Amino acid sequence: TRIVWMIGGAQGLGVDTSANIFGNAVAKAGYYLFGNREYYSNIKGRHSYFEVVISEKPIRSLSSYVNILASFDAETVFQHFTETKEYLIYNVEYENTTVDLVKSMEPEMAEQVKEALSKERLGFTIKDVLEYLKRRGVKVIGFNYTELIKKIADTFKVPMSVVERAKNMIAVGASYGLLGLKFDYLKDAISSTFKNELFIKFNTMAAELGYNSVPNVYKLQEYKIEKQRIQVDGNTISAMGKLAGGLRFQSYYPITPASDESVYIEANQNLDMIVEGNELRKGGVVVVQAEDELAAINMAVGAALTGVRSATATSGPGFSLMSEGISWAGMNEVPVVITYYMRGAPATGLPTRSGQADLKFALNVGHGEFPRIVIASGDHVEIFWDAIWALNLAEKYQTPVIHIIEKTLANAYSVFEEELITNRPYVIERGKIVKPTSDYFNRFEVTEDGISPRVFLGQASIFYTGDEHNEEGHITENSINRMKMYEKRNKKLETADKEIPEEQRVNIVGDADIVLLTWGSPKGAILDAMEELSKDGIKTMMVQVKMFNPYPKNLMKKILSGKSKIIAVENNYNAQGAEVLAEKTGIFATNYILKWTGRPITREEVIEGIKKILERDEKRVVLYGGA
């Protein structure tokens, strides 16, 4: 099974919490979830919406359609009706509300709504939306939310304004009812979420009222859960991976959607540790909220100099500000990880939306030549293992490492098996660290592999400088020292490229003549698209780059030789990952499926885009669905 549920409502009404409760109930019944959060750059009043994919099997991607849309306002109907396939739950009070009276709605969206309705001769009221939907076989279930709220207020002998938010749980209880799962899971999910008896009980009544007013349509059965499951978002998973990887200093400046990572680290900063002779100790991660990103990068780089594993996290505007600091870290061969939560850009761009438009900037960030190791996670499990990897790469190659996690992954959450992130050893490789044998240590010894022996502040006299320098860290302009030291640093990347197996830099799935060349978050939608297409004769393979620098040049040349279709799928305009392949190997993608609107690429967008390329060879498919 694969059922797509969505609810929506004005930011500030706790609808996100309602979505969480719904999901938590369905999950306890033994269904996997993949959920999303879509908000405006706004604290109150704009339209927010929450999509939850439900299945008995692991889910990997979102969908373009909604099976069940749950609503209690006019706006959520207007915003999603064109995607709604099977069931609308709505508020009968707004039947005569016309799209022009929804003031929180962007004018552009009001126009898109009017266009979709006018096109088939409908007017602009909710009632007209209902007809639009009945023409497509959608079943609509209208609630007098006002009467139900009056009833509950009455029962609990409070005024209506006290129980106004029960509207949310009526919409949720009716949705959950359609599924046919037993009420207790929802009742339990309500009791574990709200913190006071009155709120529990009146929300429980609200959900009962919804559940008992609708028929059991999807007839879902329960599954016993064999292996232990967890539910986590991207932010959180990066934090877990970093902590597992030994992080003990993080400096950050708040920015969406990066801040949540640091807030989680800080709330959990006192960690249990099993140390020498099996002693339980606690060890604190110092977390500093810097005053700006220039302070944040440089604080982390300074911390690394003491031998601590350090990192920061940011997004486009912040990352641009960090360029200088990253260059200094390159010059001074300082391990640091920068988690790049890549979002809708340029400038402020879409602070609450996603993108893949900053890859080549990351690959070339800051002045000078130095090794910028760059990886990108494609799904939630990869995020965990990639954060451990980043930290090991940084210390092994003594250089900044950029770990890209798109916003789409950061804020989405999924249910998966716990063992996927606990089943293997948490390896910490500290690289070429040594105990100095005197008071003065030459920090930048010139070796054949480029990697100089490393010591920490406090162990011996060492020198770092932004200027070109000799083996002692003293300012040196001499041409021959310059030649050697500048090469030594860049040789580290060649050593990395010999040491890291190319097979760890890509995930390859399938073996077929049509290649889906991607990186990052489209991985999921692509794999789900490949399965659907396979059932229909259409054979495809996925090549997903994980490490862009050092680039898996030879492996890529081998896998792509003699392929007739190489279709780059990315959330940017210039297909920057394809551009990097072309720089490194000479191989040009044949076609593109691109999306720059900020919303996740869906399974169906990939399926249809590929059909559109096989059927008529169009060069660039441009996607735009969502929100």
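A residue's number is simply how far along the shown sequence it sits, counting from 1.
Legend entry - Higher-B stretch (mean Cα B-factor, as the entry records it), 177 to 185 or 548 to 556: Higher mean C-alpha B-factor in the PDB entry: 177 to 185.
Legend entry - Mean C-alpha B-factor comparison - 19 to 27 and 610 to 618, higher one: Looking at the recorded C-alpha B-factors, 610 to 618 comes out higher on average.
Legend entry - Out of 471, 75, 86, 324, highest CA B-factor residue: Top of the list by C-alpha B-factor: 471.
Legend entry - Residue of maximum C-alpha B factor among 517, 455, 342, 393, per deposited coordinates: Of the candidates given, the C-alpha B-factor peaks at 455.
Inset, instruction - Sorting the chain's modelled residues by C-alpha B-factor, tell me whether residue 444 ends up in the lowest, middle or highest third. - result: As the PDB entry reports it, the C-alpha B-factor of residue 444 lands in the middle third of its chain.
Legend entry - Chain-wide C-alpha B factor ranking for residue 492, given as lowest, middle or highest third: Its C-alpha B-factor, which the entry lists for residue 492, ranks in the lowest third among residues of this chain.
Legend entry - Third of the chain, ranked by Cα B-factor, where residue 229 sits: Its C-alpha B-factor belongs to the middle third of this chain's values.
Inset, instruction - Taking the chain's C-alpha temperature factors as the reference, tell me which third residue 598 falls into: lowest, middle or highest. - result: Its C-alpha B-factor, which the entry lists for residue 598, ranks in the lowest third among residues of this chain.
Inset, instruction - Ordered by C-alpha B-factor within the chain, which third holds residue 259? Give me lowest, middle or highest, please. - result: Residue 259: CA B-factor falls in the middle third of its chain.
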